[PDB]
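Notes to accompany the following structure.
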Amino acid sequence: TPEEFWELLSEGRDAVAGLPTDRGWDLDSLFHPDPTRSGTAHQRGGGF
Amino acid sequence: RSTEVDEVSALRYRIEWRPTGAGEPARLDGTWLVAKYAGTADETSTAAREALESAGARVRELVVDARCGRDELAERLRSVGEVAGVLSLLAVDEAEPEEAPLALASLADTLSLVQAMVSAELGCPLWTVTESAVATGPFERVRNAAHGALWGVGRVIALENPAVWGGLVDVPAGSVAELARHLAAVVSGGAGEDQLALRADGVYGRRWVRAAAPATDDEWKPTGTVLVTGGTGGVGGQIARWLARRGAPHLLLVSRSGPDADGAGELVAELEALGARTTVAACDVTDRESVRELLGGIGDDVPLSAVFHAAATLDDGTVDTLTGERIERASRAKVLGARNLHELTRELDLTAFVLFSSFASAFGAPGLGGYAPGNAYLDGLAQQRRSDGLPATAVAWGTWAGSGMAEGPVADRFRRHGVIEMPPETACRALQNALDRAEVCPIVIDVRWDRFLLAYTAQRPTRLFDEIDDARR
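Read top to bottom, the protein sequences are chains B and A. Heads up: the first sequence begins at 50 in the entry's author numbering, then just goes up one per residue. Heads up: the second sequence begins at 918 in the entry's author numbering, then just goes up one per residue.
Structure below.
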């Protein structure tokens, strides 16, 4: 609700937790020491 | 196109944390144990006191120090009455004995508590709190594997006696909100769940997930020096034969005695005809000085490319009357050797890194409570390596068809309910497929699901084996 959004803005927090798990993503081969490897991401979080 | 790989495709399994809901809040009475220990008095004490008094639980403060046997604590527990709840806080904000990481005061203390409660004729679940022991995703970082060993031994104890265990919650270190928002929803939740991991939004539980086999074309370079601990040792010799048939002029099949243990003629003949002169060993592995000597024994060119820690230090895993020091001395080689290899290869470039753990750590079968701490430590080290960017693998394996030492009456007991056996020939291609798709902790075991359920469920309800439809039988 917009009121909850205003509360969050007032207290000044962030909503960055991490990648979800319900969507059935692989979540394992998404990263590797080599950033140039195909099928590899970089972000280890975010608001979902 | 084609698969022809149904065996390995159905052989693959994973561990993941699906989100979970909540149980039932409770407003009940009962002397709640807190196990405050000596130096664990922190804000958690005040939080637990306030929450339990709000819920009406009588917070029973107790002070405990280094190992006190297993009788006096039971005697003092007999002087309070019925305890309706225990909140093991012994492992929070505690360092580790880096000299002997396997030997931790927390595991011995909690095992003494379990034994004393068993002698205390109480039968109350012992809820334990951990700090970043497990990760609900590789984006998180784990700082200790001894806590994973505690997880494994607690799961083993739960499988031993249903009435004593129950509760292995996880809380992020230096956090208040995660405990505050749930509290009785988990510690007194009516719904049966034990592998709880409180974190920010909600909770998660360990769950078995069958993996898939996407097509791949890469393959690790067969040549190059490869370190294979344990020497011949059955499985180790079979892996050496597999590497020889793959092709490797030089490797390192380290044993505690190396060529002096067995030596053999057929093994060296295969290693020479199929490959070339492959160094076996010159010393043991549990000593850092031995690792230094092995490093000094490295020549020039064809350098080390893979490490297969196939330690043969496994002796027994029966709980009975366990002691932490006994487990430590039984599992010196694999833990200390793995730590030495990790610290000695921080900068060296490696192609593959296999800890080569075993099965019965995900579920903790009875009579195997000693191998589980070592498997948990290996998995934790592999997770640390992967999160830090260095290659590692934490494969968990079952019983081989030709395993002379790893197959006996216990193997027959497993055969009569669940896994029957598995041919080591398929193990080679299974390992190749696992290494191909950048795997970390793959599970390769076949299970007759109906027999496994009728042998595992028994009296303990658990949702761990619920997410796979093939296990509905």
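For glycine and all other residues, C-beta sits at the position ideal for the given N, C-alpha and C.
For a contact meaning CB atoms closer than 8 angstroms, what does residue i contact in chain A?
| i | result |
| --- | --- |
| B:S78 | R1354, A1355 |
| B:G94 | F1056 |
| B:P82 | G1306, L1307, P1308 |
List the endpoints of the continuous beta strand (DSSP E) containing residue i.
| i | result |
| --- | --- |
| A:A1001 | 1000-1005 |
| A:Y1121 | 1120-1127 |
| A:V976 | 974-977 |
| residue 880 of chain A | Residue 880 of chain A cannot be examined here, being either before or after the span of chain A that is shown, 918 to 1390. |
| A:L1043 | 1043-1045 |
| A:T1146 | 1142-1146 |
| A:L1170 | 1169-1171 |
If you draw a straight line from the C-alpha of residue i to the C-alpha of residue j, how long is it?
| i | j | result |
| --- | --- | --- |
| A:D1383 | A:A1108 | 14 angstroms |
| A:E1136 | B:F97 | 36 angstroms |
| A:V1152 | A:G1241 | 28 angstroms |
| A:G998 | A:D946 | 13 angstroms |
| B:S87 | A:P942 | 47 angstroms |
| A:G1083 | A:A1102 | 14 angstroms |
| A:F1331 | B:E52 | 58 angstroms |
| A:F1273 | A:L969 | 44 angstroms |
| A:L1184 | A:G1213 | 25 angstroms |
| A:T1045 | A:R977 | 16 angstroms |
| A:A1347 | A:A1190 | 25 angstroms |
| residue 1470 of chain A | A:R1124 | Nothing in the structure corresponds to residue 1470 of chain A, since chain A is present only between 918 and 1390. |
| A:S971 | A:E1057 | 33 angstroms |
| A:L1307 | B:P82 | 7 angstroms |
| A:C1041 | A:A991 | 13 angstroms |
| A:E1077 | A:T1235 | 10 angstroms |
| A:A1161 | A:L1188 | 6 angstroms |
| A:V1035 | A:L1028 | 11 angstroms |
| A:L1170 | A:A1223 | 12 angstroms |
| A:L1115 | A:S919 | 43 angstroms |
| A:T1142 | A:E1264 | 17 angstroms |
| A:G940 | A:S1105 | 8 angstroms |
| A:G1147 | A:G1335 | 28 angstroms |
| A:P1014 | A:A1255 | 16 angstroms |
| A:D1118 | A:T1047 | 18 angstroms |
| A:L1261 | A:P1220 | 14 angstroms |
With DSSP as the reference, label residue i as helix, strand or coil.
| i | result |
| --- | --- |
| A:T963 | helix |
| A:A1269 | strand |
| A:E933 | strand |
| A:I1360 | strand |
| A:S1278 | coil |
| B:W74 | coil |
| B:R62 | coil |
| A:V1202 | coil |
| A:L1285 | strand |
| A:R1116 | strand |
| A:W1314 | strand |
| A:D1087 | strand |
| A:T1027 | helix |
For residue i, return the contacting residues in chain B, with the cut-off set at a CB-CB distance below 8 angstroms.
| i | result |
| --- | --- |
| A:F1270 | Correct list: empty, because the minimum Cβ distance to chain B is about 12 angstroms. |
| A:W934 | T70 |
| A:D1118 | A66 |
Hey, quick one: how far does the alpha helix (DSSP H) through residue i stretch, first residue to last?
| i | result |
| --- | --- |
| A:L1231 | Where A:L1231 is concerned, there is no enclosing alpha helix (DSSP H), given that its DSSP letter is neither H nor E. |
| A:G947 | Unbroken run through A:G947 is the beta strand (DSSP E), 947-950; no alpha helix (DSSP H). |
| A:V1104 | 1101-1104 |
| A:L1212 | 1205-1213 |
| A:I1074 | 1063-1077 |
| A:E1342 | 1341-1353 |
| A:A1328 | 1326-1332 |
| A:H1259 | 1249-1261 |
| A:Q1155 | 1152-1163 |
Kindly list, in the order they appear in chain A, the residues whose Cβ is closer than 9 angstroms to that of residue i.
| i | result |
| --- | --- |
| B:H91 | Those do not exist, as B:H91 stays about 11 angstroms from chain A at its closest Cβ, beyond 9 angstroms. |
Let me check you understand the geometry: is the CB of residue i closer than 7 angstroms to at least one non-hydrogen atom of the ligand MG?
| i | result |
| --- | --- |
| A:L994 | Although the ligand MG was asked about, the structure shown includes no ligands whatsoever. |
Is it a yes or a no for the region 1250-1259 of chain A touching the region 1219-1230 of chain A, going by three-plus beta-carbon pairs under 8 angstroms? yes
Counting pairs of beta carbons, one from the region 1297-1304 of chain A and one from the region 1333-1348 of chain A, are three or more of them closer than 8 angstroms? no
At least three beta-carbon pairs within less than 8 angstroms, the region 1319-1333 of chain A to the region 1352-1360 of chain A: no
Quick check: the region 75-93 of chain B against the region 1090-1097 of chain A, are there 3 or more CB pairs under 8 angstroms? no
Report yes or no: do three or more beta-carbon pairs, one from the region 1307-1316 of chain A and one from the region 1368-1383 of chain A, lie closer than 8 angstroms? no
Are the region 1279-1287 of chain A and the region 1065-1076 of chain A touching, with three or more C-beta to C-beta distances below 8 angstroms? yes
Does the region 1016-1032 of chain A come close enough to the region 1058-1070 of chain A that 3 or more CB-CB pairs lie under 8 angstroms? yes
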